[PDB]
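Visitor: Structure provided below as structure tokens; questions to follow.
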Amino acid sequence: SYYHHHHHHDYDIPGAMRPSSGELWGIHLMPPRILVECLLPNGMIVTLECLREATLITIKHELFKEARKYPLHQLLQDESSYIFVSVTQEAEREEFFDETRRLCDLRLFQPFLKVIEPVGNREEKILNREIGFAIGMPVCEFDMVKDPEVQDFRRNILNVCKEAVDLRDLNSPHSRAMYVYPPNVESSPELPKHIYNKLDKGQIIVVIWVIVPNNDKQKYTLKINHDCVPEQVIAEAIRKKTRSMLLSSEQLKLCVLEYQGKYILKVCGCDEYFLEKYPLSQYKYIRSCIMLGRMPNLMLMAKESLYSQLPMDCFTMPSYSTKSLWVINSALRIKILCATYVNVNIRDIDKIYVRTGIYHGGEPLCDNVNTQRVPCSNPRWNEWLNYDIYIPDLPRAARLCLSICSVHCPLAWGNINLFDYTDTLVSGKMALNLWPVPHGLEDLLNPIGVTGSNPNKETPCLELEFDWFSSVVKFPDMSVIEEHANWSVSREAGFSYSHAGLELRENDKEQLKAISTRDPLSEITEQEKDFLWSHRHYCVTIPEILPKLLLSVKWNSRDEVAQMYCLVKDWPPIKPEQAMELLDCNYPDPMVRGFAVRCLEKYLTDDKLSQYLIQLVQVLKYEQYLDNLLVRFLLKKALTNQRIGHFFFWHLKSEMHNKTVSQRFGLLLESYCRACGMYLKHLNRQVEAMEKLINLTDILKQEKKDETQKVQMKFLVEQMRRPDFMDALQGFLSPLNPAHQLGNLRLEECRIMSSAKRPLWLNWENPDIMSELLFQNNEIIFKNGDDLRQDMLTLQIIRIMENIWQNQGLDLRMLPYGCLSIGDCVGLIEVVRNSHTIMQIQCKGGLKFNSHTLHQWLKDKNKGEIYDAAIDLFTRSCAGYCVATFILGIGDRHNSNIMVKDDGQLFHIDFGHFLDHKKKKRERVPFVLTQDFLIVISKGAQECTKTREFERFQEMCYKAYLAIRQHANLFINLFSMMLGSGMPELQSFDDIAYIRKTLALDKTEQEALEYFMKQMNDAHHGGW
Amino acid sequence: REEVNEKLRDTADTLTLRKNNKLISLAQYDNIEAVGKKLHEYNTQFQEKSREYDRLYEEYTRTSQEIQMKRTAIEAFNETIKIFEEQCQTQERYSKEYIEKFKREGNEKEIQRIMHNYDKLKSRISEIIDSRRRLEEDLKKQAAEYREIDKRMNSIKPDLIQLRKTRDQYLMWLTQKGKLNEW
Ligand SMILES: O=C(O)CCc1ccc(O)cc1
């Protein structure tokens, strides 16, 4: 009667409710006592018992005592004459020079150690282990790479390394300290008005601290102008220290002059310094204190004790240092031969063929197939395919895309560049190993997918013959493309009158600027393309139209493409925000991307770079070759500035697991680590810390599952106290922010959370001199299971919406906490102290849960006139978080993913799928302000719909939403650049199209405003 | 612009013509209600299949990595063995020099202990090779299940898109005339 008695026979009673191998092959963490086969020079195998944690000095010394009890001891030298060696898990044979290292940290395969006399006697040069540890793959694995492009990248890219090292020691020690400790500084020295008003007539109280014995410290409260520089602030604090009943006025002036330049300003509690003449306000720390109603606490640090701290980078140069295409008078043809390794079931599948096409992002000719020959087993075609386009019409960035399909459905895919890194048109036979069908891609062929054969051997290997033409066919030089443009110009001037479908006009002159404004994802029509392409000379008037123009150009007509190359040549530089579109997958031409990197060199500030650095590293995936202008740009900026370098390293080191980029990023990381100076040692200490934490949580998750929290937690604390964990997890820099140092582990504040990912709550001592002034404890979460990079990105997108709103005079407060993905579903999350899930607030207030409990809880923290401003904080944050949330379309918000702070700020966490991923299998509103919230907005009131507080709040929502709608070009493009990462929520442009509807860009701003309210009104049921 | 791509998506070669969408030969230029249930029935079969497609794509890239792990482990074993092979040769150098250097003073005492070492060393090499050998046959049975993962993805993928397509067409039909959330 429940089930109409329908059985399920299939159902049996006994997914519901990785991994990186550990310290030894096949086991996560070596046993506390292990036996180690020691191969001696004399041929004797002597097995020693060792402690997991024992150093190689400890081991060697003990070995050479035990070696006396064995035969042939007289053959052996002193212990000091030898170094250890063994086969590691990456499968190379490391020579273990640093004998302070311990047995568990060696990444050995099997537990044996061979003894030898050290060869390659320049031992200096075999601290490439350092470089390989940081990168996570050995440098000898690049050495034996056959491909010339790689080897030519490796040697060529040192141009950059050298040039950037030379800027570092241009004013040493000042430039060196400016590299290592660069000034963390806002975009403009111009101030927002809501910030200014918090100044009582352009003035900050500041506190300059000093140390003199060392134990005792001394405040000096200056009240100075916000726009004054650090050198001024430093003088003022010296005046105050040294004024006395024994120094005349003039005596003081002569005491400041000797003193004024022996000091610099440090932030109390972290390694930030004020080394550059900027307004104090233009440093982020100051501008942070003003907003939070805090008193900047600086420190006078003498420069000799700062340059005493600094190193010497000492960069060493490594050991590793026709026919014009337009002559070829034929149409393109490519021979499909045979796939070898196709996994096809004969029982469902009819027939299989190789679909093909040439591409430029979008298509340049009739995409074809071949005949449905030898389907399923035995699969083999022998056809030249014939493509309607001439060999000279092929543009520099042309690419063959193919796929083996079913009947309609893809099985595999792979893409090749039709020219090589040296412009040579592809001839011969190629063996293309294929990539597998992704999630969101249902379409046949996949041209957004990466160029290159799969390094993975056991995959569909489709081979093919390319056409030969009596020579290496090379793409024409720029001088020759120029001349041909200059001819296409003078030629077209003489063409005669009656002519279809190609001075000016006033009606038209505005309609181009009409097009210029439309977002990337507003598709342009053939008429418009023609219309643009004909006025292309007037289009330089509006350099912002360029993306529309480039997409309008016919890339299959070399006459056009030579003309367009020549416009670009001296096109006027444009804004980074818009130029960034020119590095996404739709603009693959090198002259184009060249022009975009030339905009960044002029315009993009080291500040704005690091904001968009994620997007720029992703956009490397869409370059055709390894050596290209963007790579050299970023490589330079990273070696110019160690804050960028840090995140530049990690964003690469994150993706190294991913075989689409392991080569390219691997090679790039090598260059970085070879040039970045002493930061390589700092990165290796982070890299070593993160590994332990991975191996530790990897055990908690496999085997130690099914043991009470208590049991795991005792096993954790047992592990963390081991000397190697102590070594590895204590004196280092937080990767979320290298400014913050991490000292001793407070293991009693350190625990495993409730979650089934077994995320670690970790807590370090902030070992700064003035820790007290900023925070005595730095705590951050390490999370093994989840994929951080959706969150990482949504967090970024928020940070930018904030900066947009605030630099445009309106103060909604977002709290984009730190999130760093350091690997394949591994990462770090910043802990916001003094914050609780609404659901804790409801549990801890629950009488043996009333809608007021939140509001009650909040009053109970914020009493007096404090309360009034603390509601303003909640009202301001909650508005911003409404609009952002709506615009992005993040996961449904609820009581255990919403968080409020003691001071009354609210913010979201664990955002989940960002562009409305789950729901699309609509225009949802994910932040539904329940009664709980509306009560808090309306200090006492019932009927919260009706108050002014809600009208106020509504106004904040409307002003924010339109503010983002004017910078939507950016938000589209930021997401467009993120297509590179295989985030399922961003597989294709139509995924990004959600952000159009929700921002309502096809409508007019007034309609948009109403749509937002319409959307807000039905979700809430009344008010707007 | 948003919907016009999700209906032109997966079809053949402002008029939104699909050759990528060429916006403008142009070289010269009845139950009502019961079809509503079918939506839910197919919208459950489609999302039923999704996870079965998802679970396998993980297992695929697991086994892809699990296999690639196993290969390098062999590359390592082989290198490990080579050092043990080198070592047993390294002992046959200086052991057989020291047999005939004296061969007098504690001949039977010493050569037994030198011979013992050589034996342990060989028997070690014996264990590693069988350790390797065992990995390699486990590698093929992995590469087996691997071949089977793609096979079953490439049976489901056609059925998934057709299921998807009919689900849209039904969903179009209902909107033509005139709730859908629960279905
Ligand atoms: O030059 C610097 O080092 C400061 C950063 C900076 C870079 C480019 C620019 O145009 C202005 C400023």
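Every chain in the structure tokens takes a letter, A first, then B, and so on in the order presented; its residues are numbered from 1, and the ligands are numbered from 1 following the presented order.
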Using only C-alpha atoms, which protein or nucleic acid residues come within 10 Å of residue 963 (chain A)? Drop anything in the same chain fewer than 2 positions from it, and give the result as a PyMOL selection string.
Guide: chain A and resi 801+804-805+808+810+957-961+965-968
Visitor: Output N, CA and C atoms of each residue in that selection to a file, as a PDB file, in the first residue's frame.
Guide:
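Saved file again-v3.pdb follows:
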```
ATOM      1  N   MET A 801      34.187  44.158  -5.854  1.00  0.00           N
ATOM      2  CA  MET A 801      32.909  44.869  -5.645  1.00  0.00           C
ATOM      3  C   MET A 801      32.986  45.845  -4.491  1.00  0.00           C
ATOM      4  N   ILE A 804      35.133  48.749  -5.527  1.00  0.00           N
ATOM      5  CA  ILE A 804      34.323  49.537  -6.483  1.00  0.00           C
ATOM      6  C   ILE A 804      33.372  50.446  -5.749  1.00  0.00           C
ATOM      7  N   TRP A 805      32.577  49.848  -4.871  1.00  0.00           N
ATOM      8  CA  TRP A 805      31.610  50.597  -4.081  1.00  0.00           C
ATOM      9  C   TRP A 805      32.275  51.717  -3.288  1.00  0.00           C
ATOM     10  N   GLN A 808      33.966  54.603  -5.033  1.00  0.00           N
ATOM     11  CA  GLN A 808      32.860  55.394  -5.550  1.00  0.00           C
ATOM     12  C   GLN A 808      31.898  55.820  -4.414  1.00  0.00           C
ATOM     13  N   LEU A 810      30.607  54.932  -1.334  1.00  0.00           N
ATOM     14  CA  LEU A 810      29.511  54.264  -0.601  1.00  0.00           C
ATOM     15  C   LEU A 810      29.947  52.966   0.121  1.00  0.00           C
ATOM     16  N   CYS A 957      20.992  48.863  -1.059  1.00  0.00           N
ATOM     17  CA  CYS A 957      20.859  47.815  -2.076  1.00  0.00           C
ATOM     18  C   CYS A 957      20.787  48.389  -3.508  1.00  0.00           C
ATOM     19  N   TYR A 958      19.958  49.408  -3.737  1.00  0.00           N
ATOM     20  CA  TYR A 958      19.768  49.938  -5.104  1.00  0.00           C
ATOM     21  C   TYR A 958      20.993  50.664  -5.612  1.00  0.00           C
ATOM     22  N   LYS A 959      21.636  51.448  -4.750  1.00  0.00           N
ATOM     23  CA  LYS A 959      22.876  52.151  -5.113  1.00  0.00           C
ATOM     24  C   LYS A 959      24.050  51.215  -5.380  1.00  0.00           C
ATOM     25  N   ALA A 960      24.113  50.111  -4.638  1.00  0.00           N
ATOM     26  CA  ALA A 960      25.151  49.102  -4.851  1.00  0.00           C
ATOM     27  C   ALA A 960      24.959  48.375  -6.176  1.00  0.00           C
ATOM     28  N   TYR A 961      23.737  47.900  -6.424  1.00  0.00           N
ATOM     29  CA  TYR A 961      23.423  47.104  -7.626  1.00  0.00           C
ATOM     30  C   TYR A 961      23.742  47.836  -8.942  1.00  0.00           C
ATOM     31  N   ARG A 965      26.635  47.269 -11.982  1.00  0.00           N
ATOM     32  CA  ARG A 965      26.126  47.229 -13.352  1.00  0.00           C
ATOM     33  C   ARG A 965      26.907  48.115 -14.320  1.00  0.00           C
ATOM     34  N   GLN A 966      27.573  49.131 -13.796  1.00  0.00           N
ATOM     35  CA  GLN A 966      28.416  49.985 -14.618  1.00  0.00           C
ATOM     36  C   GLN A 966      29.831  49.454 -14.828  1.00  0.00           C
ATOM     37  N   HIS A 967      30.282  48.546 -13.966  1.00  0.00           N
ATOM     38  CA  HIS A 967      31.569  47.861 -14.139  1.00  0.00           C
ATOM     39  C   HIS A 967      31.404  46.386 -14.531  1.00  0.00           C
ATOM     40  N   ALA A 968      30.281  46.033 -15.158  1.00  0.00           N
ATOM     41  CA  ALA A 968      30.006  44.635 -15.510  1.00  0.00           C
ATOM     42  C   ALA A 968      30.959  44.088 -16.585  1.00  0.00           C
TER      43      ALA A 968
END
```
Visitor: Write out as a Markdown table a residue-level contact list of chain B versus chain A with cut-off 6 Å: for each qualifying residue the closest pair of atoms and the distance in Å to one decimal, counting only C-alpha atoms, rows sorted by chain and residue number upward.
Guide:
```
| residue | atom | partner | partner_atom | distance |
| --- | --- | --- | --- | --- |
| B:10 | CA | A:443 | CA | 5.9 |
| B:23 | CA | A:525 | CA | 4.6 |
| B:24 | CA | A:525 | CA | 4.8 |
| B:75 | CA | A:91 | CA | 6.0 |
| B:76 | CA | A:91 | CA | 4.3 |
| B:87 | CA | A:43 | CA | 5.6 |
| B:90 | CA | A:43 | CA | 5.3 |
| B:91 | CA | A:43 | CA | 4.0 |
| B:151 | CA | A:343 | CA | 5.1 |
| B:158 | CA | A:409 | CA | 5.5 |
```
Visitor: Deliver the residues from the most recent selection as a file, using N, CA and C atoms, as a PDB file, in the first residue's frame.
Guide:
```pdb
ATOM      1  N   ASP B  10      24.276  22.251 -29.878  1.00  0.00           N
ATOM      2  CA  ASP B  10      24.173  20.877 -30.391  1.00  0.00           C
ATOM      3  C   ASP B  10      23.202  20.751 -31.599  1.00  0.00           C
ATOM      4  N   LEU B  23      25.351  35.818 -36.101  1.00  0.00           N
ATOM      5  CA  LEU B  23      24.210  36.744 -35.971  1.00  0.00           C
ATOM      6  C   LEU B  23      24.167  37.651 -37.204  1.00  0.00           C
ATOM      7  N   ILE B  24      22.963  38.021 -37.645  1.00  0.00           N
ATOM      8  CA  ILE B  24      22.800  38.920 -38.803  1.00  0.00           C
ATOM      9  C   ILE B  24      21.820  40.044 -38.428  1.00  0.00           C
ATOM     10  N   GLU B  75      59.411   2.512 -12.109  1.00  0.00           N
ATOM     11  CA  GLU B  75      60.622   3.246 -12.526  1.00  0.00           C
ATOM     12  C   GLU B  75      61.601   3.352 -11.352  1.00  0.00           C
ATOM     13  N   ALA B  76      61.048   3.540 -10.153  1.00  0.00           N
ATOM     14  CA  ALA B  76      61.830   3.629  -8.926  1.00  0.00           C
ATOM     15  C   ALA B  76      62.397   2.288  -8.504  1.00  0.00           C
ATOM     16  N   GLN B  87      75.535  -3.063  -6.294  1.00  0.00           N
ATOM     17  CA  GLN B  87      76.139  -3.391  -5.002  1.00  0.00           C
ATOM     18  C   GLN B  87      76.689  -4.829  -4.960  1.00  0.00           C
ATOM     19  N   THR B  90      79.645  -4.713  -6.781  1.00  0.00           N
ATOM     20  CA  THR B  90      80.596  -3.952  -5.955  1.00  0.00           C
ATOM     21  C   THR B  90      81.217  -4.808  -4.857  1.00  0.00           C
ATOM     22  N   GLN B  91      80.484  -5.801  -4.357  1.00  0.00           N
ATOM     23  CA  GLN B  91      81.059  -6.681  -3.348  1.00  0.00           C
ATOM     24  C   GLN B  91      81.960  -7.728  -4.009  1.00  0.00           C
ATOM     25  N   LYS B 151      34.707   3.155 -21.321  1.00  0.00           N
ATOM     26  CA  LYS B 151      33.701   2.364 -22.031  1.00  0.00           C
ATOM     27  C   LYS B 151      32.296   2.699 -21.550  1.00  0.00           C
ATOM     28  N   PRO B 158      25.926   9.186 -24.850  1.00  0.00           N
ATOM     29  CA  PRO B 158      24.838   9.370 -25.823  1.00  0.00           C
ATOM     30  C   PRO B 158      23.466   9.456 -25.141  1.00  0.00           C
TER      31      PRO B 158
END
```
Visitor: Check every protein, DNA and RNA residue against ligand 1, keep those with an atom at most 8 Å away (counting only C-alpha atoms and all ligand atoms), and present them as a VMD selection string.
Guide: chain A and resid 601 to 607
Visitor: Selected residues, N, CA and C atoms, written as an mmCIF file, in the first residue's frame, please.
Guide:
```
data_model
loop_
_atom_site.group_PDB
_atom_site.id
_atom_site.type_symbol
_atom_site.label_atom_id
_atom_site.label_comp_id
_atom_site.auth_asym_id
_atom_site.auth_seq_id
_atom_site.Cartn_x
_atom_site.Cartn_y
_atom_site.Cartn_z
ATOM 1 N N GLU A 601 52.176 47.062 -19.237
ATOM 2 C CA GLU A 601 53.477 47.644 -18.893
ATOM 3 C C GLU A 601 53.364 49.127 -18.570
ATOM 4 N N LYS A 602 52.513 49.825 -19.321
ATOM 5 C CA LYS A 602 52.286 51.248 -19.101
ATOM 6 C C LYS A 602 51.418 51.421 -17.883
ATOM 7 N N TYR A 603 50.239 50.816 -17.920
ATOM 8 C CA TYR A 603 49.155 51.176 -17.010
ATOM 9 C C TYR A 603 49.043 50.356 -15.693
ATOM 10 N N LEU A 604 49.203 49.038 -15.759
ATOM 11 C CA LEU A 604 48.921 48.165 -14.605
ATOM 12 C C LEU A 604 49.964 48.322 -13.497
ATOM 13 N N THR A 605 49.490 48.714 -12.318
ATOM 14 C CA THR A 605 50.355 48.966 -11.182
ATOM 15 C C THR A 605 50.543 47.696 -10.416
ATOM 16 N N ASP A 606 51.740 47.499 -9.853
ATOM 17 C CA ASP A 606 52.039 46.345 -8.982
ATOM 18 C C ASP A 606 50.903 46.017 -7.995
ATOM 19 N N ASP A 607 50.173 47.042 -7.571
ATOM 20 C CA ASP A 607 48.959 46.859 -6.778
ATOM 21 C C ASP A 607 47.845 46.132 -7.558
#
```
Visitor: Could you write out, as a list in words, all the residues of region 1-182 of chain B that DSSP marks as strand (DSSP E)?
Guide: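 For region 1-182 of chain B, the strand (DSSP E) set is residues 16, 17, 18, 21, 22 and 23 of chain B.
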Visitor: May I have the selected residues written with C-alpha atoms, as a compact mmCIF listing (two decimals), in the first residue's frame?
Guide:
```txt
# COMPACT_ATOMS: atom_id res chain seq x y z
CA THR B 16 21.00 33.79 -35.19
CA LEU B 17 22.28 31.29 -37.79
CA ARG B 18 24.64 28.50 -36.65
CA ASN B 21 26.69 31.71 -33.97
CA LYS B 22 26.67 34.01 -37.07
CA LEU B 23 24.21 36.74 -35.97
```
Visitor: As a PyMOL selection string, which residues of region 156-377 of chain A does DSSP assign to alpha helix (DSSP H)?
Guide: chain A and resi 156+158-168+174-180+193-196+230-242+249-259+284-292+303-309
Visitor: For residue 938 (chain A), which residue among A:852, A:129, A:913, A:333 is the nearest when counting only C-alpha atoms?
Guide: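 Checking each of A:852, A:129, A:913, A:333 against residue 938 (chain A), counting only C-alpha atoms, the winner is A:852.
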Visitor: Leaving out residue 88 (chain B) and any residue of its chain fewer than 4 positions from it, which residues lie within 7 Å of it when counting only C-alpha atoms, given as an mmCIF file with N, CA, C and O atoms, in the first residue's frame?
Guide:
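Final file, out03.cif:
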```cif
data_model
loop_
_atom_site.group_PDB
_atom_site.id
_atom_site.type_symbol
_atom_site.label_atom_id
_atom_site.label_comp_id
_atom_site.auth_asym_id
_atom_site.auth_seq_id
_atom_site.Cartn_x
_atom_site.Cartn_y
_atom_site.Cartn_z
ATOM 1 N N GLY A 43 80.757 -2.878 -0.261
ATOM 2 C CA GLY A 43 79.788 -3.872 -0.750
ATOM 3 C C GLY A 43 78.913 -4.512 0.322
ATOM 4 O O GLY A 43 78.018 -5.315 0.000
ATOM 5 N N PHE B 84 71.178 -2.205 -6.082
ATOM 6 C CA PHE B 84 71.451 -3.499 -5.458
ATOM 7 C C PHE B 84 72.243 -4.421 -6.381
ATOM 8 O O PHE B 84 73.180 -5.075 -5.931
ATOM 9 N N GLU B 92 81.496 -8.342 -5.102
ATOM 10 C CA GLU B 92 82.332 -9.270 -5.901
ATOM 11 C C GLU B 92 83.653 -8.670 -6.403
ATOM 12 O O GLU B 92 84.539 -9.419 -6.765
ATOM 13 N N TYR B 118 76.759 -11.570 1.008
ATOM 14 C CA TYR B 118 76.400 -11.754 -0.402
ATOM 15 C C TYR B 118 75.052 -12.456 -0.561
ATOM 16 O O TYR B 118 74.294 -12.155 -1.487
ATOM 17 N N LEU B 121 72.188 -10.116 0.468
ATOM 18 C CA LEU B 121 72.137 -9.155 -0.645
ATOM 19 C C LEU B 121 71.390 -9.692 -1.875
ATOM 20 O O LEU B 121 70.576 -8.978 -2.474
#
```
Visitor: Can you pull out every residue within 12 Å of residue 130 (chain B), counting only C-alpha atoms, but drop anything in the same chain fewer than 5 positions away, and send it as a ChimeraX atom specification?
Guide: /B:74,77-78,81,123-125,135-137
Visitor: Quick one: pull the distance between CA of residue 189 (chain A) and CA of residue 225 (chain A), Å, one decimal.
Guide: 13.3 Å
Visitor: Could you list, as a ChimeraX atom specification, every residue within 12 Å of residue 567 (chain A), counting only C-alpha atoms and ignoring same-chain residues fewer than 6 positions away?
Guide: /A:482,485-486,489,533,535-541,543,546,549-550,553,560-561,591-592,595
Visitor: Generate a file of the selected residues that holds N, CA, C and O atoms, formatted as a PDB file, in the first residue's frame.
Guide:
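The resulting file, part-v3.pdb, is shown below:
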```pdb
ATOM      1  N   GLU A 482      53.454  44.032 -43.234  1.00  0.00           N
ATOM      2  CA  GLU A 482      53.296  45.493 -43.382  1.00  0.00           C
ATOM      3  C   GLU A 482      53.102  45.903 -44.820  1.00  0.00           C
ATOM      4  O   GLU A 482      52.067  46.470 -45.155  1.00  0.00           O
ATOM      5  N   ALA A 485      49.981  44.975 -46.360  1.00  0.00           N
ATOM      6  CA  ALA A 485      48.901  45.840 -45.875  1.00  0.00           C
ATOM      7  C   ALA A 485      48.874  47.146 -46.667  1.00  0.00           C
ATOM      8  O   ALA A 485      47.830  47.507 -47.210  1.00  0.00           O
ATOM      9  N   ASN A 486      50.034  47.817 -46.743  1.00  0.00           N
ATOM     10  CA  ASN A 486      50.223  49.053 -47.537  1.00  0.00           C
ATOM     11  C   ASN A 486      49.836  48.943 -48.999  1.00  0.00           C
ATOM     12  O   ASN A 486      49.522  49.950 -49.634  1.00  0.00           O
ATOM     13  N   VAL A 489      45.836  48.655 -49.062  1.00  0.00           N
ATOM     14  CA  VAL A 489      45.322  50.018 -48.854  1.00  0.00           C
ATOM     15  C   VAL A 489      45.267  50.815 -50.171  1.00  0.00           C
ATOM     16  O   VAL A 489      44.197  51.307 -50.553  1.00  0.00           O
ATOM     17  N   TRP A 533      34.380  47.036 -39.552  1.00  0.00           N
ATOM     18  CA  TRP A 533      35.560  46.697 -40.347  1.00  0.00           C
ATOM     19  C   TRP A 533      35.861  47.763 -41.435  1.00  0.00           C
ATOM     20  O   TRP A 533      37.036  48.062 -41.714  1.00  0.00           O
ATOM     21  N   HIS A 535      34.825  51.112 -41.192  1.00  0.00           N
ATOM     22  CA  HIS A 535      35.212  52.341 -40.501  1.00  0.00           C
ATOM     23  C   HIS A 535      36.424  52.124 -39.563  1.00  0.00           C
ATOM     24  O   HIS A 535      36.802  53.025 -38.825  1.00  0.00           O
ATOM     25  N   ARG A 536      37.043  50.944 -39.615  1.00  0.00           N
ATOM     26  CA  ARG A 536      38.169  50.590 -38.752  1.00  0.00           C
ATOM     27  C   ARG A 536      39.200  51.696 -38.520  1.00  0.00           C
ATOM     28  O   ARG A 536      39.852  51.735 -37.466  1.00  0.00           O
ATOM     29  N   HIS A 537      39.379  52.561 -39.518  1.00  0.00           N
ATOM     30  CA  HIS A 537      40.282  53.699 -39.372  1.00  0.00           C
ATOM     31  C   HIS A 537      39.717  54.749 -38.396  1.00  0.00           C
ATOM     32  O   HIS A 537      40.449  55.230 -37.527  1.00  0.00           O
ATOM     33  N   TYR A 538      38.423  55.071 -38.513  1.00  0.00           N
ATOM     34  CA  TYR A 538      37.749  55.928 -37.523  1.00  0.00           C
ATOM     35  C   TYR A 538      37.688  55.258 -36.146  1.00  0.00           C
ATOM     36  O   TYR A 538      37.686  55.950 -35.139  1.00  0.00           O
ATOM     37  N   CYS A 539      37.633  53.927 -36.097  1.00  0.00           N
ATOM     38  CA  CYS A 539      37.559  53.198 -34.821  1.00  0.00           C
ATOM     39  C   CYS A 539      38.723  53.460 -33.865  1.00  0.00           C
ATOM     40  O   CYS A 539      38.538  53.325 -32.663  1.00  0.00           O
ATOM     41  N   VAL A 540      39.893  53.860 -34.369  1.00  0.00           N
ATOM     42  CA  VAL A 540      41.004  54.296 -33.496  1.00  0.00           C
ATOM     43  C   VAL A 540      40.628  55.519 -32.602  1.00  0.00           C
ATOM     44  O   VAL A 540      41.183  55.700 -31.516  1.00  0.00           O
ATOM     45  N   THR A 541      39.693  56.351 -33.072  1.00  0.00           N
ATOM     46  CA  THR A 541      39.039  57.401 -32.263  1.00  0.00           C
ATOM     47  C   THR A 541      38.549  56.888 -30.922  1.00  0.00           C
ATOM     48  O   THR A 541      38.613  57.589 -29.918  1.00  0.00           O
ATOM     49  N   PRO A 543      39.546  53.943 -28.971  1.00  0.00           N
ATOM     50  CA  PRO A 543      40.365  52.729 -28.786  1.00  0.00           C
ATOM     51  C   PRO A 543      39.720  51.575 -27.967  1.00  0.00           C
ATOM     52  O   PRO A 543      40.157  50.429 -28.071  1.00  0.00           O
ATOM     53  N   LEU A 546      38.252  48.262 -29.781  1.00  0.00           N
ATOM     54  CA  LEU A 546      39.185  47.254 -30.348  1.00  0.00           C
ATOM     55  C   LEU A 546      38.755  45.777 -30.263  1.00  0.00           C
ATOM     56  O   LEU A 546      38.808  45.082 -31.281  1.00  0.00           O
ATOM     57  N   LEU A 549      36.107  45.211 -32.820  1.00  0.00           N
ATOM     58  CA  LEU A 549      36.767  45.258 -34.108  1.00  0.00           C
ATOM     59  C   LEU A 549      37.506  43.947 -34.407  1.00  0.00           C
ATOM     60  O   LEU A 549      37.269  43.338 -35.450  1.00  0.00           O
ATOM     61  N   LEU A 550      38.354  43.490 -33.481  1.00  0.00           N
ATOM     62  CA  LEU A 550      39.156  42.268 -33.700  1.00  0.00           C
ATOM     63  C   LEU A 550      38.285  41.052 -33.971  1.00  0.00           C
ATOM     64  O   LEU A 550      38.632  40.235 -34.806  1.00  0.00           O
ATOM     65  N   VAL A 553      36.941  41.481 -37.687  1.00  0.00           N
ATOM     66  CA  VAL A 553      37.944  41.062 -38.678  1.00  0.00           C
ATOM     67  C   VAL A 553      37.784  39.598 -39.086  1.00  0.00           C
ATOM     68  O   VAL A 553      37.601  38.727 -38.240  1.00  0.00           O
ATOM     69  N   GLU A 560      42.877  41.300 -44.959  1.00  0.00           N
ATOM     70  CA  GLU A 560      42.333  41.933 -43.740  1.00  0.00           C
ATOM     71  C   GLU A 560      43.370  41.863 -42.615  1.00  0.00           C
ATOM     72  O   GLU A 560      43.822  42.884 -42.090  1.00  0.00           O
ATOM     73  N   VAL A 561      43.781  40.643 -42.312  1.00  0.00           N
ATOM     74  CA  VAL A 561      44.616  40.365 -41.171  1.00  0.00           C
ATOM     75  C   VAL A 561      45.927  41.120 -41.231  1.00  0.00           C
ATOM     76  O   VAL A 561      46.457  41.486 -40.187  1.00  0.00           O
ATOM     77  N   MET A 591      49.940  39.305 -32.141  1.00  0.00           N
ATOM     78  CA  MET A 591      50.038  40.766 -32.264  1.00  0.00           C
ATOM     79  C   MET A 591      49.042  41.467 -31.367  1.00  0.00           C
ATOM     80  O   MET A 591      49.365  42.502 -30.774  1.00  0.00           O
ATOM     81  N   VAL A 592      47.856  40.872 -31.253  1.00  0.00           N
ATOM     82  CA  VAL A 592      46.819  41.322 -30.321  1.00  0.00           C
ATOM     83  C   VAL A 592      47.297  41.216 -28.865  1.00  0.00           C
ATOM     84  O   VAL A 592      47.366  42.210 -28.145  1.00  0.00           O
ATOM     85  N   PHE A 595      49.864  43.572 -27.957  1.00  0.00           N
ATOM     86  CA  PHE A 595      49.336  44.909 -27.674  1.00  0.00           C
ATOM     87  C   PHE A 595      48.756  45.009 -26.260  1.00  0.00           C
ATOM     88  O   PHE A 595      49.020  45.982 -25.549  1.00  0.00           O
TER      89      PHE A 595
END
```
Visitor: Which polymer residues have any atom within 9 Å of an atom of region 869-886 of chain A, counting only C-alpha atoms, with same-chain residues fewer than 2 positions away left out, as a PyMOL selection string?
Guide: chain A and resi 797-798+801-802+811-815+858-859+862+865-867+888-891+893+900+902-908+914+923-929+933+936-939+949-950+952-954+956-958+960-961+964+998
